[PDB]
Structure formats: structure tokens, C-alpha cells
S.K.: 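Would you mind keeping the following structure in view while I ask a few things?
Sequence lines set the chain letters: A, B, ... in the order given, protein chains first and strands last, and positions in each chain run from 1.
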Amino acid sequence: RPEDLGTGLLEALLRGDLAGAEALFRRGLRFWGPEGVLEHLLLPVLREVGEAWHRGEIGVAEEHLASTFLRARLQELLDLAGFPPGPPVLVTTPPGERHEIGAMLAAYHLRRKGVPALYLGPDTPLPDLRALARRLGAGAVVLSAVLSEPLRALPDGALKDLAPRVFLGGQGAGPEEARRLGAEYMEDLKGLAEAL
Amino acid sequence: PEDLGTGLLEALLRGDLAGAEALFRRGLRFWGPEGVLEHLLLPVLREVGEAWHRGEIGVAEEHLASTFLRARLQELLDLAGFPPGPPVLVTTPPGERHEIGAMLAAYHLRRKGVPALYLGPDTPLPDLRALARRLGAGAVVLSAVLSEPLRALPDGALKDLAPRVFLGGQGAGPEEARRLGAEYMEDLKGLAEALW
Amino acid sequence: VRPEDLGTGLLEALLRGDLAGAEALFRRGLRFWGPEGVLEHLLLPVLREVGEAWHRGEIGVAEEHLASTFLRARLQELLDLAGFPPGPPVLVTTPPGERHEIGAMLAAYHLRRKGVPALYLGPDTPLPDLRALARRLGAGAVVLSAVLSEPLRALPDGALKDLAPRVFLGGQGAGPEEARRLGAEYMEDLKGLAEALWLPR
Amino acid sequence: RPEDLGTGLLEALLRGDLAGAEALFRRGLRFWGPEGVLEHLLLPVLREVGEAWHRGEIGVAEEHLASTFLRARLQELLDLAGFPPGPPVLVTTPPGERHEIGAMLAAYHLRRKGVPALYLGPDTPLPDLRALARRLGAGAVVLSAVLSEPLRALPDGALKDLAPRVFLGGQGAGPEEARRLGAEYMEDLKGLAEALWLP
Ligand code: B12
Ligand code: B12
Ligand code: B12
Ligand code: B12
Ligand SMILES: [Br-]
């Protein structure tokens, strides 16, 4: 039953039953819809994995396994959203940030609203990012920070003119760090599309 | 993979919906969203139609397969993004009961960032015109598999359904479109370009 | 708060072409009340309101189409979430001339929820073709949904009698007298259809 | 058209035409099939991207974009190969190795041969990897190294007893470094499943 899908998915992953995990995920998709399954299945399982690690019950390998699975499910949804033409929004994470899920969520929410979000993958050097934005005439750059340490490593103003609009979010980011870096801060992914 | 079409058709004809669903999903993984329509859904649909037209299968078997494929397309349709802004209304001419062409058109538009509202088939023109006007629709798109429903319409019938009116499907040709006051397009890939 | 309270919001979302909003509201209803709840207390009441509003001339065919297509899509989703078990199927359709799908889809859904392999063919299946498919697949039953009475009236006495070992007819277009004339078993309760099949558990 | 697919795909990616890149990739699939498209399209384009970067013709962002696309196509094929039951083989890259494609190829070739290859993602610390292998009762661990420096940083015997069988490959690896690390070395992915089954 739905309230038990999260537990089932997590237990499936922890015993290496990818087939079973995939079926459970698909059930979640059918029940909650695309946005629903992200809010009520993907994120809760990801958090529980994190909490289990933070508590010492599993290691990085189990975490990697679950993240890779969920990244694959999200990439599927990303390609089902389609990719509109027109000036792209480049989506990535700060240098040193290897966690991808936040960035992919942001790209997904934009693409569902008809915004051409180009997900680059994580960990993009800022000069290279600036150059690509300029060449493709990107309207915005969007950064997801799960950890605060990668943002702390950046100098003041580092994000300031990557693109006409620069957005920073994720639990690793706050309004003060965004201001220091010269980015706009946003808490809700659902409002990122509206903001553009 | 070049065997997915045969497998799907045989699965449907023996009423193995579970197997047909898996095969369809394989086709999705392999060919992508637009690809599975070109390489799996439409070929199977046509083979079913041809088999019926040849007298090899009965209406019930055909219905079963068509209903399945309609359901798979509706799934993909709702997985696509839906932007805000003036909608494009998508339907079929009065008397045209076949849905898949219209659904394809709506899907290809939604993938390209166009807010295509699929109404279902068989919409009377005054009612269609009124809805377009009320919602401030930028366009109406009609899919005609049969030519007879178009033939029954008076000259100019489609001319003012919305600021732009497109007619396609194998039931339509450039001369019939001109007679009816619609713009003709053969390729769905060019419909999105024509709007943006 | 009850499911039918969301009906006005859902319908108004649909009528202004806010598909995202309509979908979200429907999904909320699903989370809160569950599938059977939302079907009985949101989907059907809204479908009827749409129909009545059309029958009264308050909305045009296009708006009605839009709403019906939306509700059909939500029901098809639930239908495919119920899964498809193995075993001899039950074929679900509507009589020739009957284009309305929702009743048939409901019947298929309630069977599938109870572990019965209900094959929904779509609507409007000729009887000899239906009989042939039932025979080939070794179907235990056929289920017919009739919203209109005229399609049933057009059929000869006994026409439904031997489509399969069991044949069930329902929908507001059907009554017990017409079912008896046609040789079908008449059935009002969707939740009791599986039980009526006399299968294990 | 086939002889033009690689150039077309690369140019599509470099101008951020994901729709066009996806179609071109699908054409490659129609021509060459699943295994074919990897040898004739995915890998050549990946290498050309790399070479173009190494030559200074594109920046990291363009490379990231193309690699992310190709990673997505490979993950698709990986999950199409299916996942059999039975004791898994864990597939990853050494600590410090962020490149994924080699590992994904290895997992794919195993899965095609009916081996349950669990791709973990890249860059797994060895104690954590050891623990997961133990928990899942994995018969083998497979590591793909494109860079040599991450292997050089590892202590002697570091890969020994991650499972009863441990394989190391990729251009970053050679037989001498594998022996030092306590892994078995191999070059050809088409032989890897057979090499795991047999002694
Ligand atoms: C999972 C998790 C991890 C995972 C991260 C990988 C993964 N699986 O995603 C792993 C295992 C790596 C991890 C470990 C650590 N992480 Co941790 N862990 C978590 C946990 C449980 C969830 C984080 C999470 O929600 N991630 C999913 C992302 C997508 O959600 P999100 O970042 O909150 O972002 C949301 C929004 O901001 C928005 N969003 C995301 N991106 C963007 C971008 C834009 C533009 C916008 C508008 C919105 C947006 O969408 C998201 C969902 O709504 C939290 C605890 C908790 N929150 O309950 C911590 C937590 C974040 N971790 C913490 C940290 C920093 C760590 C550690 C360094 C601490 C340690 N014990 O060593 C380690 C080391 C990191 C490393 N070396 O890899 C601490 C933070 C404390 C602090 N700030 O000092 C937390 C808060 C735990 C705690 N309560 O103490 N962690
Ligand atoms: C499948 C099929 C059926 C199926 C329908 C399945 C279903 N949809 O539920 C069934 C078996 C029901 C059927 C029956 C009939 N159909 Co029939 N059958 C076909 C068949 C084999 C394929 C049709 C098809 O490709 N559909 C899929 C659609 C999407 O393809 P499409 O219309 O070509 O559209 C493409 C493009 O135009 C574009 N597109 C679509 N819409 C739009 C819109 C725009 C704006 C744009 C830009 C692009 C675009 O995308 C599509 C794919 O690339 C063809 C024969 C053939 N080989 O083509 C006939 C055909 C269409 N059928 C035909 C006939 C005669 C019938 C019947 C009337 C036969 C009869 N006497 O009873 C019945 C009608 C039933 C009714 N309800 O009225 C004729 C039509 C002749 C005509 N009118 O000119 C055809 C051509 C067969 C023939 N050669 O005689 N048929
Ligand atoms: C909605 C509706 C429509 C909608 C249909 C929406 C849709 N896409 O499905 C629209 C607007 C299209 C419509 C139009 C028409 N319909 Co109308 N409308 C209705 C309405 C309001 C409700 C029908 C309904 O409840 N549908 C849902 C189904 C599932 O409900 P149900 O059949 O009662 O079934 C219940 C149970 O029997 C059970 N069930 C269903 N099937 C089965 C099977 C089994 C085995 C079991 C156990 C149980 C079961 O499930 C349901 C639970 O409540 C009624 C009037 C009313 N207030 O009831 C008419 C009504 C059915 N319509 C009617 C008419 C006349 C029409 C039109 C012909 C009007 C016209 N002039 O063109 C058209 C028909 C077009 C055509 N195809 O020929 C008449 C039918 C008269 C008759 N048949 O004798 C009605 C009764 C209105 C009237 N009093 O005049 N209609
Ligand atoms: C593509 C590439 C990149 C790409 C990576 C793209 C990507 N997303 O993977 C990019 C542009 C990022 C790149 C950059 C760098 N790379 Co580079 N580039 C290459 C290139 C052109 C090809 C590598 C390749 O083919 N990878 C794909 C994999 C699958 O191929 P493979 O490892 O040969 O594996 C084959 C087999 O071994 C088998 N296989 C793979 N794994 C396994 C496992 C097992 C068990 C088995 C049996 C078989 C097997 O499958 C493959 C055949 O189909 C080579 C140059 C060349 N001509 O080879 C370098 C090369 C690997 N790069 C190199 C360097 C130096 C770098 C950088 C460190 C440069 C720098 N920044 O200073 C960075 C890395 C930055 C970092 N630390 O993260 C060096 C490595 C030197 C060394 N290892 O001693 C090379 C050799 C170039 C050179 N001549 O200097 N590179
Ligand atoms: Br009900």
C-alpha cells in the first residue's frame, strides 16, 4: 500500500533487488504521478538512506547504489518531459559538489513547465560555465548545492555574472551565502519556473 | 529489438496485457519517447488495421490492441511537460472517431514546449471555435485519418476556428485543407516549428 | 470535507485549460480518499455534472469532451495500476452502438482490484466478434456496460446468452427485464462482480 | 547517413540540441543495434569529445554536457540488458576516479551474458565497497580505471578480498599495477563474464 512503498523500495535497494525496486518505483509513479513520486518516494528514500548512513547502519557503497538507481529513474522522467527549443537554462552544481539529484530535480521541474533546462551533470568550473552560457545565449544558470562546503570554497561574487539570471538553491545554500556569491536564492523548485 | 513489434502484436492477440506492457516499456527504453511511437506503436497499430482490412482478425481483437496502444500514448502524453500560456486545442473533425493521430500531434507539441490541450475526438466546429475564443487559444490542430468527414464539411468550415488552424493525417491533403481554409502539414516535426 | 467538495474546483480547472491544476487536485483527492473513494465521490459526480450541464445547454461539446477525456485518462491510469493477473480473462466492453466507456472501465477496474483478469477491449464490440474472442481466449465471462437503452433494444431476444459461460450486463441503460430478454445476468453492484464469478478467495 | 552519425551527434551536443542528439542516437540504434551503437557511435563520440577537450577546442562545460548525454544513453542500455537473480557482481571505479563510462560498459557486457552486475556509480571508498560486497554476498567486484594516478594512490593489496574474484581494467590499469593491488587484470570486456565463471 502507498504509505509502505518507501519502506519497500529502500529494503529492495538494500538487498540489491533492482528489479523489485524498479517495479515499486513504477507503482509509485502510477499512483502519485511524476511530481508526486519525487516528493513521496524518491526524496523520502534518499533521506532515509542518508539518515541510515549518518547513523552508521550502511556505508557509502549502499548510498551510491541507491543514488545511482534514483538518478536513473529521474533521467527517465527528464527525457519523458521533452526538451523545448529556445535559449536554454544551464543546470549544474558548484565545483566540488558531486551530488546530482537536486540539480536534476530543478531541471525536471523546469522542463515540465516548458523551460529548456540543459542538465550538464555536476561539478562545472565557473569560467567554463560562463563561457557556455554566453555561447548558447542562455537566459539563466541554476546551481544546486546539497553541501555547504563547496559554496564556502568559492570567492565573494563568484556566481555574479554567469548568465543574466543566476539561481542557487539546495539545503547547502541559504540567502546570505547566495548574496555573498552574487546569485539569487530560491527555496522552492516549483517557483523557479515562475521566476524566469 | 527489431522483434519488439512482432512480440507486442502477438502478446496483444493472445490477451497477454502484462507481457504487452513490458514489451512496450522495453521499446520506450530502447527507442526513446518519440522513437517508440515511430518504431513500435504505429507499426503495430497499422499491422492490426491491415490484418482487419484483410479479414484475418475480428473487431474484438482489433479493439483490444487499439485500446492498449491508445492507453500507452495517453501515458506518454501526461508524462510530457505542460507549459503555461495560450493553449493549442487538438482534436479531430466531426464524424472522426480515431484518436491516435490527434494524441500524437498533442504529444509532439507538448515535447516542444507548446501547451497542447487534447480534447478527445469528434468536436463540432462551433463548439470548438467557442472554446478556442474563451481560452484565447493561439491555434487549433485537427487530425483526420478518414477523408469522408472532411468531405462532408462546407468550403471554409475550418477557416476561423482560431488565429491558426492546422489539418493533417492521411485523410487530409493540401487541396482539401485549402478548400476548408486550414493550413496543411505532413510532418509533425514541422508543426512545432510553425508555431513556437 | 468530502470528495465531492473538490468537484467544482476540478471542473473549473479543466474548463480554463489548467490541466496541471486539475491533475494536481485529482491526485490530492487520490492521496486523501484512496482510489475507490475518489472514483465514487469525485470522478462520477463530476462526470454527471458535466453531462447534466451539457444536457442543460450551459457548456458546449468541446468543454464536455475536454472533461470527459480527462476523467477517462485518470480512470485508465487507475485501471493499469490495478495490474493484470494471469488466468482465463473476463472480457469487458459495451454493446454495439454504445460509445461511452466509463462504465465498462469501472467494471474492469473493480474486477482487477479483486484479482480478476479483466480485459477491457474498449467500447462498441460486435457480438459475434466478441463471442469468437471469448472462445479463443477461454474467457470465463463477458461484462457489458450500457449507458443508453436503445443499443440493447436493437438486439434480438437471447443475443447475449452465449457470449461466454457467464454474461453480465449493467449500466443505467440496462434493467432486469431487458437483461432477461437478452439472456444476460443483471448486476448493479460493481464491487460484487468478482464475487458473483464464484472463484476462490 | 551512418558514416555521418558521429559527426552529427557531436555537433548537435555542442550546440545544446538535445532533441536532435537523441534522434541521431536513435538512428544509430536502428542501424547498428544495441551492442553496435556502443562500438560505432557512443565510444567514438566520447573519445572525440575527450580529444577535442585535450586539444583545447571545447571547455569543461561542453564536455560535461556531452558526457552526461552519453551516460544517459548507456544507463538505458544497461537497464535493457536486464538484471538476473543470484549473487551480484559489484561494478564501480577506484576512489578518486569520477569517470563512469568504463564501469557502465563492464556492467553492460556482464548483464548481456546473464551476470547480475550491480553498477554502484563511481568513486567508492574501499572499506565501504568491501562492506557492501559482504552484505550482498557478492561473488565478484569489477573496477574500471581510466586514470592511473588513483590506482597509484592505493596501498599494496588494497583490492584483494573485496570478493573472491576482483577484476581491474581500463586504460588506467595494467597487469603490474593489478598484481600489486591484488586484482586480476583483463583487457577485453567480451571475455570478462567467461573469466569470472571459470577459474
Ligand atoms: C542524504 C544526506 C546525505 C547524503 C547526500 C547524498 C544523497 N543521497 O543525496 C550523503 C550520504 C552524502 C550525506 C553525507 C553528508 N552530508 Co548529509 N544528510 C543527508 C540528508 C539526510 C538529506 C539531504 C537531502 O535532502 N538531499 C536531497 C536534496 C535534493 O534535497 P535538498 O538538498 O534538501 O534540496 C531541496 C531543496 O533545497 C530543493 N533544491 C535542491 N536544489 C535546488 C536548486 C535550486 C536552484 C532550488 C531553487 C531548489 C533546490 O529541492 C530539494 C528537495 O525539495 C540530510 C539530513 C536531512 N535533510 O534530513 C543531510 C545533511 C544535509 N547532511 C549534512 C552534511 C553537511 C553532510 C556531511 C558532511 C556530514 C557528515 N556527517 O559527515 C556528510 C558528508 C558529505 C559527503 N562527504 O559526501 C548535514 C548538514 C549539517 C551542516 N550543514 O553542517 C545534514 C543536514 C544532516 C544533519 N541534520 O546534520 N548526506
Ligand atoms: C488502423 C486502421 C484502421 C483501424 C483504426 C484503429 C484505431 N485508430 O482505433 C480500424 C481497424 C478501426 C480501421 C477501420 C476503418 N478505417 Co482504417 N485503416 C487503418 C490503417 C491501417 C492505419 C491508419 C493509421 O495509420 N493510423 C494512425 C495515424 C496516426 O496515422 P496517419 O493518419 O497517417 O497520421 C500520420 C501523419 O499524418 C501525422 N499526423 C497525424 N495527424 C496529424 C495532424 C497534423 C496537424 C499533422 C501535422 C500531422 C499529423 O502523424 C501520423 C504518423 O506519422 C489505414 C491504412 C494504412 N495503411 O494507412 C486505414 C484506413 C485509414 N482505413 C480506412 C477505412 C476505409 C476504414 C473503415 C471506414 C473501413 C470500413 N469500411 O469500415 C473503418 C472506419 C471505422 C470508423 N470508425 O469509421 C481507409 C481510409 C480511406 C479514406 N477515408 O480515404 C484506410 C486508408 C485504409 C484503406 N486503404 O482503405 N482502420
Ligand atoms: C454524462 C451523461 C452524458 C455524457 C457522457 C459522458 C461520457 N463521456 O461518458 C454526454 C454529455 C456525452 C452525454 C451525451 C449523450 N447522452 Co447523456 N447523460 C449523461 C448522464 C448525466 C450520466 C450518465 C452517467 O452517469 N455516466 C456514468 C455511468 C458509469 O453511469 P451508469 O450508467 O448509471 O452506471 C452506474 C452503475 O450501473 C454501474 N455500472 C455501470 N456499468 C456497469 C456494468 C456492470 C456489469 C455493473 C455490475 C455495474 C455497472 O456504475 C455506475 C455507478 O453509479 C445521464 C443522465 C443522468 N443524470 O444519469 C445521461 C443520459 C444517459 N444521456 C442520455 C442521452 C439521451 C444522451 C445523448 C444521446 C444526447 C443527445 N441528444 O445526443 C448523448 C449520447 C451520444 C451518443 N454517443 O450517442 C440519456 C439516455 C436516455 C436513454 N438511453 O434512454 C440520459 C439518461 C439523459 C436523459 N434522461 O435523457 N450524456
Ligand atoms: C575521453 C577522455 C577524457 C574525457 C573523459 C570523458 C568521460 N566522461 O569519461 C575528459 C575530457 C573528461 C578527459 C579529461 C581527463 N583525462 Co582524458 N582522455 C580521454 C581519452 C581521449 C579516452 C578515454 C576513453 O576512451 N575512455 C572510455 C573508456 C571506456 O575507455 P578505456 O578506459 O580505454 O576502456 C576500454 C577497455 O579498457 C575496456 N574496459 C574499461 N574498463 C574496464 C574494466 C575491466 C575489468 C575490463 C576487462 C575492461 C575494461 O573498455 C574500453 C574499450 O571499449 C584518453 C586519450 C585516449 N586516446 O585514449 C584520455 C586520457 C585517458 N586522459 C588523460 C588525462 C590526463 C585526463 C585528465 C586528468 C587531464 C587533466 N585534467 O589534466 C582529465 C581528468 C580530470 C579528472 N581528474 O577528473 C590521460 C590519462 C593519463 C594516465 N592515466 O596515465 C589520457 C590517456 C590522455 C593522455 N594521453 O594524456 N579525458
Ligand atoms: Br465507483
S.K.: Do you know which of A:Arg98, A:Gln75, A:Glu63, A:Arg15 has the most heavy-atom pairs under 4.5 Å to chain D?
M.R.: A:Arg98

S.K.: Hey, what do you get for CG (D:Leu129) to NE2 (A:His64), rounding to the nearest 0.5 Å?
M.R.: 9.5 Å

S.K.: Does atom CD of A:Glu149 have more than 12 heavy-atom neighbours from other groups under 6.0 Å away?
M.R.: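 Yes, CD of A:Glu149 has more than 12 neighbouring heavy atoms, counting only those of other groups under 6.0 Å.
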
S.K.: Can you establish whether the number of heavy atoms outside D:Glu39 located under 6.0 Å from its atom CD is more than 12?
M.R.: no

S.K.: Return yes when atom CZ of A:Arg26 has more than 12 non-hydrogen atoms of other residues, nucleotides or ligands closer than 6.0 Å, and no otherwise.
M.R.: yes

S.K.: For A:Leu132, is it the side chain, the backbone, both or neither that has a heavy atom under 4.5 Å from a heavy atom of chain D?
M.R.: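 Looking at A:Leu132, just its side chain touches chain D.
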
S.K.: What's the shortest heavy-atom distance between D:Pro125 and A:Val60, and which atoms?
M.R.: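 Looking at all heavy atoms of both residues, the closest pair is CD-CG1, 3.7 Å.
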
S.K.: Is the CZ atom of D:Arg165 crowded by more than 12 outside heavy atoms at less than 6.0 Å?
M.R.: yes

S.K.: Give the minimum heavy-atom separation between A:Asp128 and D:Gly59, together with the two atoms involved.
M.R.: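 Nearest pair, atom of A:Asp128 first, then D:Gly59: OD2-CA, 3.5 Å.
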
S.K.: Looking at every heavy atom in both D:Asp79 and A:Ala72, which two are closest together, and how far apart are they?
M.R.: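 Smallest interatomic distance, heavy atoms only, reads OD2-CB, 4.4 Å.
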
S.K.: Counting only heavy atoms closer than 4.5 Å, note whether D:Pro122 contacts chain A via side chain, backbone, both or neither.
M.R.: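 For D:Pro122, the backbone is the part near chain A, not the side chain.
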
S.K.: Would you compute the distance between atom CZ of D:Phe69 and atom CG of A:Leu118 and round it to the nearest 0.5 angstrom?
M.R.: 11.5 Å

S.K.: Find the one option among D:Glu76, D:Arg71, D:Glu22 whose heavy-atom pairs under 4.5 Å with chain A are most numerous.
M.R.: D:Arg71

S.K.: Select one option (side chain, backbone, both, neither) describing which atoms of A:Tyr119 are under 4.5 Å from chain D's heavy atoms.
M.R.: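 Both backbone and side chain.
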
S.K.: Please report the closest heavy-atom contact between A:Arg135 and D:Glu62, naming both atoms and the distance.
M.R.: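 Closest approach of A:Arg135 to D:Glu62: NH2-OE2, 3.2 Å.
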
S.K.: Would you say the side-chain atoms of A:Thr68 pair up with the backbone N or O of D:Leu120, donor to acceptor, closer than 3.5 Å?
M.R.: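 Yes: the side chain of A:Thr68 pairs with the backbone of D:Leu120.
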
S.K.: Should the heavy atoms of other residues, nucleotides or ligands under 6.0 Å from CD of D:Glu194 be counted, would the total exceed 12?
M.R.: yes

S.K.: For chain A, find which of D:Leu65, D:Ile58, D:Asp17 contributes the most heavy-atom pairs closer than 4.5 angstrom.
M.R.: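 Result: the option with the highest number of such pairs is D:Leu65.
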
